[PDB]
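A.B. asks: So here's run-v4.cif, just mmCIF, C-alpha atoms:
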```
data_structure
loop_
_atom_site.label_atom_id
_atom_site.label_comp_id
_atom_site.auth_asym_id
_atom_site.auth_seq_id
_atom_site.Cartn_x
_atom_site.Cartn_y
_atom_site.Cartn_z
CA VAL C 1301 -6.20 -12.98 -17.26
CA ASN C 1302 -4.29 -16.25 -17.15
CA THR C 1303 -3.66 -18.48 -14.14
CA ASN C 1304 0.06 -18.82 -13.39
CA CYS C 1305 0.31 -18.22 -9.63
CA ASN C 1306 -2.30 -18.01 -6.91
CA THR C 1307 -4.84 -15.21 -6.59
CA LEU C 1308 -2.86 -13.61 -3.76
CA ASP C 1309 0.30 -13.38 -5.87
CA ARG C 1310 -1.59 -12.11 -8.92
CA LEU C 1311 -3.30 -9.44 -6.80
CA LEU C 1312 -0.03 -8.36 -5.18
CA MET C 1313 1.59 -8.16 -8.63
CA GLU C 1314 -1.22 -6.23 -10.33
CA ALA C 1315 -0.80 -3.10 -8.18
CA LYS C 1316 2.44 -1.82 -9.69
CA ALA C 1317 1.67 1.78 -10.76
CA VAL C 1318 0.40 1.12 -14.27
CA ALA C 1319 0.62 3.73 -17.01
CA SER C 1320 -1.82 6.63 -17.14
CA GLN C 1321 -4.93 6.86 -19.33
CA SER C 1322 -5.33 10.62 -19.80
CA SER C 1323 -3.38 13.78 -20.63
CA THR C 1324 -1.79 16.37 -18.34
CA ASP C 1325 -1.73 19.23 -20.84
CA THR C 1326 -5.22 19.56 -22.32
CA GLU C 1327 -8.33 20.77 -20.50
CA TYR C 1328 -10.76 18.15 -21.84
CA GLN C 1329 -9.17 14.90 -20.55
CA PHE C 1330 -8.50 13.40 -23.97
CA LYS C 1331 -7.27 9.89 -24.64
CA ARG C 1332 -3.80 8.83 -23.56
CA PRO C 1333 -1.13 10.14 -25.95
CA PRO C 1334 0.64 7.19 -27.61
CA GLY C 1335 4.20 7.21 -26.27
CA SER C 1336 3.61 9.30 -23.14
CA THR C 1337 5.44 7.41 -20.38
CA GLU C 1338 4.07 8.38 -16.97
CA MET C 1339 3.09 5.92 -14.25
CA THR C 1340 0.10 6.63 -12.00
CA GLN C 1341 -1.03 4.36 -9.19
CA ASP C 1342 -4.53 3.05 -9.92
CA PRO C 1343 -6.33 1.73 -6.83
CA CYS C 1344 -10.01 0.74 -6.97
CA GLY C 1345 -9.45 -0.27 -10.59
CA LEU C 1346 -8.16 -3.74 -9.81
CA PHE C 1347 -11.10 -4.11 -7.39
CA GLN C 1348 -13.72 -2.85 -9.89
CA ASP H 194 17.12 54.32 5.99
CA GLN H 195 18.28 53.74 2.43
CA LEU H 196 18.78 50.17 3.52
CA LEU H 197 15.71 48.52 5.05
CA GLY H 198 13.83 50.70 2.57
CA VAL H 199 15.41 49.28 -0.55
CA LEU H 200 14.69 45.70 0.56
CA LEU H 201 10.91 46.21 0.63
CA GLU H 202 10.91 46.30 -3.18
CA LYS H 203 12.95 43.09 -3.38
CA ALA H 204 10.84 41.19 -0.84
CA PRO H 205 7.70 39.57 -2.32
CA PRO H 206 4.74 38.44 -0.20
CA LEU H 207 5.33 35.26 1.77
CA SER H 208 1.81 33.99 1.05
CA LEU H 209 2.84 33.72 -2.61
CA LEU H 210 6.54 32.92 -2.27
CA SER H 211 5.95 29.86 -0.09
CA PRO H 212 3.82 27.61 -2.37
CA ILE H 213 5.70 28.74 -5.48
CA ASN H 214 8.99 27.61 -3.94
CA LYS H 215 7.33 24.45 -2.62
CA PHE H 216 6.08 23.43 -6.08
CA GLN H 217 9.37 23.29 -8.00
CA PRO H 218 9.37 20.06 -10.02
CA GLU H 219 10.88 21.55 -13.18
CA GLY H 220 10.35 25.33 -13.04
CA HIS H 221 7.88 25.63 -15.92
CA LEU H 222 4.48 23.99 -15.49
CA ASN H 223 1.72 23.05 -17.89
CA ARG H 224 -1.71 24.67 -17.87
CA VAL H 225 -3.22 22.05 -15.54
CA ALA H 226 -0.51 22.30 -12.88
CA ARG H 227 -0.55 26.08 -13.26
CA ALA H 228 -4.30 26.25 -12.60
CA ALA H 229 -4.00 23.95 -9.59
CA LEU H 230 -1.20 26.11 -8.20
CA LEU H 231 -3.34 29.19 -8.81
CA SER H 232 -6.23 27.74 -6.80
CA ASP H 233 -3.71 26.95 -4.06
CA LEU H 234 -2.43 30.54 -4.16
CA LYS H 235 -5.94 31.97 -3.86
CA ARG H 236 -6.87 29.69 -0.97
CA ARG H 237 -3.63 30.60 0.80
CA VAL H 238 -3.79 34.37 0.33
CA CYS H 239 -7.43 34.51 1.40
CA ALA H 240 -6.48 32.88 4.72
CA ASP H 241 -2.97 33.71 5.96
CA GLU E 1205 -20.93 52.19 -6.53
CA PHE E 1206 -24.06 50.41 -7.75
CA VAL E 1207 -24.38 47.96 -10.65
CA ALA E 1208 -27.60 46.77 -12.25
CA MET E 1209 -28.42 43.07 -12.54
CA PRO E 1210 -31.45 40.83 -13.13
CA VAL E 1211 -33.75 40.14 -10.19
CA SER E 1212 -33.64 36.33 -10.24
CA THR E 1213 -29.89 35.94 -9.87
CA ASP E 1214 -28.12 32.95 -8.32
CA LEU E 1215 -27.51 33.99 -4.73
CA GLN E 1216 -25.04 31.15 -4.14
CA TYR E 1217 -22.57 33.04 -6.33
CA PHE E 1218 -22.20 35.85 -3.78
CA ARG E 1219 -21.40 33.43 -0.94
CA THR E 1220 -17.71 33.12 -1.91
CA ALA E 1221 -14.91 35.33 -3.22
CA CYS E 1222 -16.60 36.50 -6.40
CA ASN E 1223 -16.02 38.98 -9.22
CA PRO E 1224 -18.26 42.07 -9.50
CA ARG E 1225 -18.17 42.26 -13.30
CA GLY E 1226 -20.15 39.04 -13.76
CA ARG E 1227 -17.49 37.11 -15.69
CA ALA E 1228 -14.00 36.09 -14.62
CA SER E 1229 -11.18 37.74 -16.55
CA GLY E 1230 -7.48 38.55 -16.27
CA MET E 1231 -4.14 37.59 -17.77
CA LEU E 1232 -3.66 34.63 -15.41
CA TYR E 1233 -5.40 32.29 -17.89
CA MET E 1234 -3.03 31.89 -20.84
CA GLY E 1235 -0.43 29.46 -22.14
CA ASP E 1236 -0.29 29.60 -25.92
CA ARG E 1237 -1.16 33.05 -27.28
CA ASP E 1238 -0.95 36.66 -26.14
CA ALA E 1239 -4.21 37.60 -27.91
CA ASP E 1240 -6.34 35.88 -25.27
CA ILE E 1241 -6.72 38.58 -22.60
CA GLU E 1242 -8.98 40.18 -25.19
CA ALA E 1243 -10.52 36.79 -25.98
CA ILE E 1244 -11.74 36.16 -22.42
CA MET E 1245 -12.94 39.64 -21.70
CA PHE E 1246 -16.10 40.04 -23.83
CA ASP E 1247 -16.40 36.99 -26.14
CA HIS E 1248 -19.75 35.41 -25.26
CA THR E 1249 -19.59 32.59 -27.80
CA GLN E 1250 -17.73 30.42 -25.28
CA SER E 1251 -18.66 29.67 -21.69
CA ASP E 1252 -17.18 31.43 -18.68
CA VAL P 387 11.59 3.38 14.19
CA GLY P 388 10.33 0.20 15.80
CA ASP P 389 13.57 -1.66 16.55
CA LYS P 390 15.77 -0.74 13.58
CA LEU P 391 18.36 1.85 12.60
CA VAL P 392 16.95 3.16 9.33
CA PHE P 393 18.34 6.01 7.26
CA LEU P 394 16.16 9.08 6.77
CA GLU P 395 16.80 10.96 3.52
CA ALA P 396 14.92 13.79 1.81
CA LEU P 397 16.95 14.36 -1.35
CA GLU P 398 15.72 17.66 -2.78
CA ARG P 399 18.66 20.09 -2.44
CA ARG P 400 21.70 17.89 -3.06
CA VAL P 401 19.95 16.66 -6.22
CA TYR P 402 17.07 17.80 -8.44
CA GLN P 403 18.19 21.38 -7.86
CA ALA P 404 18.29 24.03 -10.61
CA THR P 405 17.55 21.25 -13.10
CA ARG P 406 14.72 20.49 -15.50
CA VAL P 407 14.32 16.92 -14.21
CA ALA P 408 11.06 16.39 -12.33
CA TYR P 409 11.52 15.15 -8.78
CA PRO P 410 10.04 11.65 -8.35
CA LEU P 411 7.82 10.49 -5.47
CA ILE P 412 5.11 12.89 -6.67
CA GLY P 413 3.11 10.24 -8.51
CA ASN P 414 -0.62 10.48 -9.08
CA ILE P 415 -3.62 8.43 -7.99
CA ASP P 416 -6.78 7.79 -10.02
CA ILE P 417 -10.06 7.73 -8.08
CA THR P 418 -13.55 7.28 -9.53
CA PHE P 419 -16.90 8.50 -8.23
CA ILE P 420 -20.49 7.42 -8.84
CA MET P 421 -23.76 9.18 -7.95
CA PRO P 422 -27.44 8.50 -8.70
CA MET P 423 -29.44 11.20 -10.45
CA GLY P 424 -33.15 10.45 -10.81
CA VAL P 425 -33.98 7.67 -8.37
CA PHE P 426 -37.45 7.75 -6.80
CA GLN P 427 -38.07 5.41 -3.86
CA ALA P 428 -41.52 3.99 -4.64
CA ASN P 429 -42.50 3.19 -1.07
CA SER P 430 -45.00 4.89 1.21
CA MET P 431 -43.05 3.61 4.23
CA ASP P 432 -39.87 5.22 2.85
CA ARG P 433 -41.37 8.58 1.81
CA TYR P 434 -41.56 10.07 5.30
CA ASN G 1109 27.80 16.77 -30.87
CA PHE G 1110 29.74 14.12 -28.98
CA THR G 1111 27.58 11.61 -27.14
CA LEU G 1112 28.58 9.68 -24.02
CA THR G 1113 27.03 6.28 -23.34
CA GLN G 1114 27.53 3.91 -20.42
CA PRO G 1115 25.72 0.57 -20.03
CA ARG G 1116 24.70 -0.81 -16.65
CA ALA G 1117 22.72 -3.70 -15.22
CA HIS G 1118 20.82 -4.60 -12.07
CA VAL G 1119 19.17 -7.55 -10.33
CA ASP G 1120 17.15 -8.18 -7.17
CA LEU G 1121 18.23 -11.08 -4.96
CA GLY G 1122 14.85 -11.17 -3.26
CA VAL G 1123 13.45 -14.44 -1.99
CA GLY G 1124 10.43 -12.29 -1.12
CA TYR G 1125 9.71 -8.56 -1.18
CA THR G 1126 12.38 -6.04 -0.20
CA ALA G 1127 10.88 -2.57 -0.78
CA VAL G 1128 7.52 -1.03 0.13
CA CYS G 1129 5.86 2.18 -1.06
CA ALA G 1130 2.97 4.04 0.54
CA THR G 1131 1.09 7.24 -0.32
CA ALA G 1132 1.64 9.31 2.81
CA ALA G 1133 0.32 12.80 2.07
CA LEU G 1134 -1.86 14.48 -0.56
CA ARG G 1135 -0.93 17.55 -2.58
CA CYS G 1136 -3.23 19.78 -4.61
CA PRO G 1137 -5.81 18.06 -6.83
CA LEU G 1138 -5.09 18.20 -10.55
CA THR G 1139 -8.38 17.44 -12.30
CA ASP G 1140 -11.57 19.41 -11.72
CA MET G 1141 -14.73 17.86 -10.27
CA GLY G 1142 -16.92 19.82 -12.66
CA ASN G 1143 -20.11 18.97 -14.54
CA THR G 1144 -19.01 18.18 -18.10
CA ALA G 1145 -21.22 15.77 -20.02
CA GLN G 1146 -19.96 13.37 -22.67
CA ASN G 1147 -20.87 14.06 -26.30
CA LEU G 1148 -21.53 10.83 -28.18
CA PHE G 1149 -21.50 12.62 -31.56
CA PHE G 1150 -17.69 12.28 -31.61
CA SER G 1151 -17.94 8.75 -33.02
CA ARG G 1152 -18.96 7.26 -36.35
CA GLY G 1153 -20.04 3.81 -37.47
CA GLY G 1154 -23.55 3.43 -36.12
CA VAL G 1155 -26.71 3.02 -38.17
CA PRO G 1156 -27.88 6.59 -38.92
CA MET G 1157 -31.40 7.87 -39.39
CA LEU G 1158 -33.14 7.84 -42.77
CA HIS G 1159 -33.41 11.65 -42.84
CA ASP G 1160 -30.34 13.88 -42.73
CA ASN G 1161 -32.23 16.91 -41.41
CA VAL G 1162 -33.26 14.78 -38.42
CA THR G 1163 -29.70 13.99 -37.36
CA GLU G 1164 -28.51 17.51 -38.20
CA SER G 1165 -31.12 19.13 -35.96
CA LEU G 1166 -30.35 16.47 -33.35
CA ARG G 1167 -26.65 17.32 -33.29
CA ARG G 1168 -27.44 21.04 -33.29
CA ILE G 1169 -29.73 20.69 -30.27
CA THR G 1170 -27.16 18.51 -28.51
CA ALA G 1171 -24.46 21.11 -29.11
CA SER G 1172 -26.82 23.73 -27.71
CA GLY G 1173 -26.48 23.68 -23.94
CA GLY G 1174 -23.02 22.15 -23.70
CA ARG G 1175 -19.34 23.06 -23.67
CA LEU G 1176 -17.45 20.53 -25.81
CA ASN G 1177 -18.87 20.02 -29.29
CA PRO G 1178 -17.52 18.94 -32.69
CA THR G 1179 -16.45 21.66 -35.09
CA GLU G 1180 -19.26 22.74 -37.41
CA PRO G 1181 -17.68 22.14 -40.87
CA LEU G 1182 -17.46 18.45 -39.84
CA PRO G 1183 -14.20 17.56 -41.64
CA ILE G 1184 -14.48 14.14 -43.25
CA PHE G 1185 -11.56 11.82 -42.40
CA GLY G 1186 -10.49 13.65 -39.27
CA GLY G 1187 -10.27 13.37 -35.50
CA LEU G 1188 -13.25 15.63 -34.78
CA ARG G 1189 -11.55 17.69 -32.11
CA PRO G 1190 -13.38 20.42 -30.17
CA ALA G 1191 -12.45 24.06 -30.62
CA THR G 1192 -9.64 25.19 -28.34
CA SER G 1193 -10.92 27.74 -25.84
CA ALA G 1194 -8.85 30.30 -23.94
CA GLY G 1195 -7.13 29.82 -20.58
CA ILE G 1196 -8.30 27.43 -17.87
CA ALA G 1197 -9.56 28.52 -14.45
CA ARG G 1198 -8.96 25.85 -11.82
CA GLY G 1199 -7.77 22.64 -13.49
CA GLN G 1200 -8.42 20.10 -16.23
CA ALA G 1201 -12.10 19.29 -16.62
CA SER G 1202 -13.24 15.70 -16.13
CA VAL G 1203 -15.98 14.16 -18.26
CA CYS G 1204 -19.05 12.34 -16.96
CA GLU Q 98 35.10 57.79 -7.66
CA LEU Q 99 31.35 57.23 -7.82
CA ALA Q 100 30.15 60.46 -9.44
CA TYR Q 101 31.77 59.31 -12.71
CA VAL Q 102 30.84 55.62 -12.95
CA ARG Q 103 28.40 56.44 -15.81
CA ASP Q 104 26.45 53.17 -15.96
CA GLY Q 105 28.85 50.51 -14.74
CA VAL Q 106 27.97 46.84 -14.25
CA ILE Q 107 29.22 43.75 -12.40
CA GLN Q 108 28.93 40.04 -13.13
CA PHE Q 109 30.15 36.61 -12.05
CA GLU Q 110 29.86 32.99 -13.18
CA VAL Q 111 27.78 30.11 -11.84
CA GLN Q 112 26.54 27.04 -13.72
CA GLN Q 113 23.74 24.59 -13.08
CA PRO Q 114 24.32 20.83 -12.82
CA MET Q 115 22.51 18.04 -14.65
CA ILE Q 116 21.99 14.28 -14.65
CA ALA Q 117 22.27 11.42 -17.14
CA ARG Q 118 19.41 9.16 -18.23
CA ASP Q 119 18.53 6.94 -21.17
CA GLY Q 120 15.49 5.60 -22.95
CA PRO Q 121 12.97 7.18 -25.35
CA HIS Q 122 14.17 10.69 -24.51
CA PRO Q 123 16.85 12.95 -26.01
CA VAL Q 124 20.35 13.08 -24.58
CA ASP Q 125 21.27 15.77 -22.06
CA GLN Q 126 23.89 18.49 -22.50
CA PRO Q 127 25.60 20.74 -19.93
CA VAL Q 128 24.45 24.36 -19.97
CA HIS Q 129 26.44 27.37 -18.76
CA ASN Q 130 24.80 30.68 -17.88
CA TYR Q 131 26.13 34.22 -18.20
CA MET Q 132 24.39 37.10 -16.44
CA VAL Q 133 25.10 40.73 -15.62
CA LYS Q 134 23.44 42.89 -12.96
CA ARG Q 135 23.25 46.62 -13.56
CA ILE Q 136 24.01 49.30 -10.96
CA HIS Q 137 21.40 51.71 -9.63
CA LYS Q 138 22.48 55.05 -8.20
CA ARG Q 139 20.82 57.35 -5.68
CA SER Q 140 22.04 60.44 -3.85
CA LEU Q 141 21.79 61.79 -0.30
CA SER Q 142 21.44 65.46 0.65
CA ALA Q 143 21.35 67.31 3.97
CA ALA Q 144 20.99 71.08 4.24
CA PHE Q 145 22.67 73.56 6.59
CA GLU L 98 33.17 -4.83 -19.86
CA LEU L 99 29.46 -4.09 -19.70
CA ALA L 100 29.03 -3.77 -23.47
CA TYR L 101 29.13 -7.57 -23.91
CA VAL L 102 27.15 -9.50 -21.28
CA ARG L 103 24.42 -11.30 -23.27
CA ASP L 104 21.90 -12.31 -20.60
CA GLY L 105 23.86 -12.85 -17.41
CA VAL L 106 22.14 -14.93 -14.75
CA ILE L 107 22.28 -15.62 -11.02
CA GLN L 108 21.10 -18.61 -9.04
CA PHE L 109 20.40 -19.63 -5.45
CA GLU L 110 18.73 -22.57 -3.73
CA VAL L 111 16.72 -22.97 -0.52
CA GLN L 112 15.78 -25.84 1.77
CA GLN L 113 12.79 -26.31 4.04
CA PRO L 114 12.67 -28.00 7.46
CA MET L 115 9.99 -30.53 8.31
CA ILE L 116 8.31 -31.48 11.59
CA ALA L 117 7.67 -35.05 12.75
CA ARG L 118 3.94 -35.51 13.33
CA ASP L 119 1.94 -38.73 13.26
CA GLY L 120 -1.67 -39.82 13.23
CA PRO L 121 -4.14 -39.64 10.35
CA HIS L 122 -1.84 -37.33 8.37
CA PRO L 123 0.37 -38.98 5.74
CA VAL L 124 4.14 -38.95 6.11
CA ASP L 125 6.21 -36.04 4.81
CA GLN L 126 9.54 -35.79 2.99
CA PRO L 127 12.13 -32.99 2.89
CA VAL L 128 11.76 -30.70 -0.11
CA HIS L 129 14.31 -28.53 -1.90
CA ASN L 130 13.86 -25.60 -4.28
CA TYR L 131 15.90 -24.17 -7.14
CA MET L 132 15.46 -20.68 -8.57
CA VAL L 133 17.39 -18.69 -11.17
CA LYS L 134 17.01 -15.01 -12.08
CA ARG L 135 18.27 -13.00 -15.03
CA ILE L 136 20.02 -9.64 -15.16
CA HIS L 137 18.37 -6.44 -16.41
CA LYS L 138 20.23 -4.13 -18.79
CA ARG L 139 19.88 -0.36 -19.17
CA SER L 140 22.07 2.33 -20.69
CA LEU L 141 22.80 5.94 -19.72
CA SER L 142 23.46 8.81 -22.11
CA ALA L 143 24.69 12.41 -22.15
CA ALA L 144 25.65 15.02 -24.75
CA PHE L 145 28.68 17.23 -25.39
#
```
Using structure tokens, write down the structure that the file contains.

C.D. replies:
Amino acid sequence: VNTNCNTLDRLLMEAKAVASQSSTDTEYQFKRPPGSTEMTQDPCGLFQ
Amino acid sequence: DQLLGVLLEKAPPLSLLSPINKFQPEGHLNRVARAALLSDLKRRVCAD
Amino acid sequence: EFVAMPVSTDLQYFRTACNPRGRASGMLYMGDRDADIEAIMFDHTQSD
Amino acid sequence: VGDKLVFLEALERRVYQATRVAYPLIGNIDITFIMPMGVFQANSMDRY
Amino acid sequence: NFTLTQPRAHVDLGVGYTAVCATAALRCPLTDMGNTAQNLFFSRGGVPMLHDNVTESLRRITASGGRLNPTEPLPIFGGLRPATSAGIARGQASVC
Amino acid sequence: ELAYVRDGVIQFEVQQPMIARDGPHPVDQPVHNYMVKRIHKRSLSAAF
Amino acid sequence: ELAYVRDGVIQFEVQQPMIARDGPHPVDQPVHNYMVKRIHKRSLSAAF
């Protein structure tokens, strides 16, 4: 990460429903298909 | 008697018609969404 | 009707809505091929 | 609500009806879980 | 096949924030909270053992007692995908 | 004249709407539907 | 004429009031701000 604004602004800007990291068709939770455009909200990922 | 007796074959069970109608994003669903909806249907029909 | 079964059987299986045959089956698990109701009815090379 | 005159809209019948477009506002949420497996508390004061 | 195209543009005149979203309710879960282990034999590049029978028996034993496993012929220069089973019961399985 | 209809049928016309989007997805085309609903026949008898 | 815009912009400025306080704190001076935003382009497509 780079420092451009303060930590509060960076944190408020991170949570913006990033793209998914799985598949919604297979039954084994494979890797994300390249090109699949679906946005899922990812809490507790920016907090580690 | 012909009426009110013909409609029983057209009427499906409410316990199944309700969640099916509720989950109408695009009509056809993938295997994952279909399985989730099936678990919902079982839970519902066992109870109501 | 009575069905035979081993003596040391998981009792937790009978605590919910179960299937008497011992393995789940049916046509409700499909999505690509019609020759799968015969696949998941006796094939013991894959898990339940 | 509070002290404002807000609109209250539930667009599901005027739009996204009899169409193949998926209705938005049904986004997903990714949650993770962690559990210990073989921990043994090596303490006589704790094994009670 | 005629095609009809119309360009448009937008902008937010926000000195601060103007819209808020919140997850109100929860619908049915999608993934399954099952017990599916992760098979590390899906990758290549590590330093292998000096005896091929060792690693072959190792992979065989690891495939025994699991659900997802690499296909037996082991196609060189491939993706090493597991064999597609039949229909799913209650949702997509999640690895551990 | 209903004892001589000899497998008649009735039909009408309704079409489904659609929307317009752009991006990494194919263009959308209007679709019209044509359906017919057959006629079932039953009789009524009362003795004397 | 939306086909030819080539990065349209918009601009607005803001001022900030100050309060007269004295003591150990150093003196203040009125401050002004200047911000400029760009436009975002997106097409829409349909078939026939």

A.B. asks: Can you state the RMSD, in Å, between chain Q and chain L once they are superposed by least squares on every Cα paired in order?

C.D. replies: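 Between chain L and chain Q, the C-alpha RMSD is 0.9 Å.
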
A.B. asks: Could you give me, as CSV, a per-residue list for chain C showing, wherever an atom lies at most 12 Å from an atom of chain Q, the closest pair of atoms and their distance in Å to one decimal, using only C-alpha atoms and sorting by chain then residue number from low to high?

C.D. replies:
```
residue,atom,partner,partner_atom,distance
C:1335,CA,Q:121,CA,8.8
C:1336,CA,Q:121,CA,9.8
C:1337,CA,Q:121,CA,9.0
```

A.B. asks: What residues come out when you apply the PyMOL selection byres ((chain H) within 9 of (chain E)) to this file, written as an mmCIF file with C-alpha atoms, in the frame of the given file?

C.D. replies:
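Wrote expr20.cif, looks like this:
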```
data_model
loop_
_atom_site.group_PDB
_atom_site.id
_atom_site.type_symbol
_atom_site.label_atom_id
_atom_site.label_comp_id
_atom_site.auth_asym_id
_atom_site.auth_seq_id
_atom_site.Cartn_x
_atom_site.Cartn_y
_atom_site.Cartn_z
ATOM 1 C CA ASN H 223 1.720 23.050 -17.890
ATOM 2 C CA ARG H 224 -1.710 24.670 -17.870
ATOM 3 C CA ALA H 228 -4.300 26.250 -12.600
ATOM 4 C CA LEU H 231 -3.340 29.190 -8.810
ATOM 5 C CA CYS H 239 -7.430 34.510 1.400
#
```

A.B. asks: Please indicate the distance in Å from CA of residue 1127 in chain G to CA of residue 1316 in chain C, rounded to one decimal place.

C.D. replies: 12.3 Å

A.B. asks: Kindly give the distance, in Å, that separates CA of residue 233 in chain H and CA of residue 1145 in chain G, rounded to a single decimal.

C.D. replies: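 Value for the CA of residue 233 in chain H-CA of residue 1145 in chain G distance: 26.2 Å.
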
A.B. asks: For the file shown, what are the residues hit by the PyMOL selection byres ((chain G) within 12 of (chain E)), laid out as a PyMOL selection string?

C.D. replies: chain G and resi 1172-1177+1190-1199

A.B. asks: Could you write out the selected residues, including C-alpha atoms, as a PDB file, keeping the file's coordinate frame?

C.D. replies:
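Final file, result.pdb:
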```pdb
ATOM      1  CA  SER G1172     -26.820  23.730 -27.710  1.00  0.00           C
ATOM      2  CA  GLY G1173     -26.480  23.680 -23.940  1.00  0.00           C
ATOM      3  CA  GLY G1174     -23.020  22.150 -23.700  1.00  0.00           C
ATOM      4  CA  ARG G1175     -19.340  23.060 -23.670  1.00  0.00           C
ATOM      5  CA  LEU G1176     -17.450  20.530 -25.810  1.00  0.00           C
ATOM      6  CA  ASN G1177     -18.870  20.020 -29.290  1.00  0.00           C
ATOM      7  CA  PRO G1190     -13.380  20.420 -30.170  1.00  0.00           C
ATOM      8  CA  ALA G1191     -12.450  24.060 -30.620  1.00  0.00           C
ATOM      9  CA  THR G1192      -9.640  25.190 -28.340  1.00  0.00           C
ATOM     10  CA  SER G1193     -10.920  27.740 -25.840  1.00  0.00           C
ATOM     11  CA  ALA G1194      -8.850  30.300 -23.940  1.00  0.00           C
ATOM     12  CA  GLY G1195      -7.130  29.820 -20.580  1.00  0.00           C
ATOM     13  CA  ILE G1196      -8.300  27.430 -17.870  1.00  0.00           C
ATOM     14  CA  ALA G1197      -9.560  28.520 -14.450  1.00  0.00           C
ATOM     15  CA  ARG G1198      -8.960  25.850 -11.820  1.00  0.00           C
ATOM     16  CA  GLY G1199      -7.770  22.640 -13.490  1.00  0.00           C
TER      17      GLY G1199
END
```

A.B. asks: Taking only C-alpha atoms into account, which of Q:137, Q:123, Q:112, Q:101 comes nearest chain H?

C.D. replies: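 Answer, going by the shortest atom-to-atom distance: Q:137.
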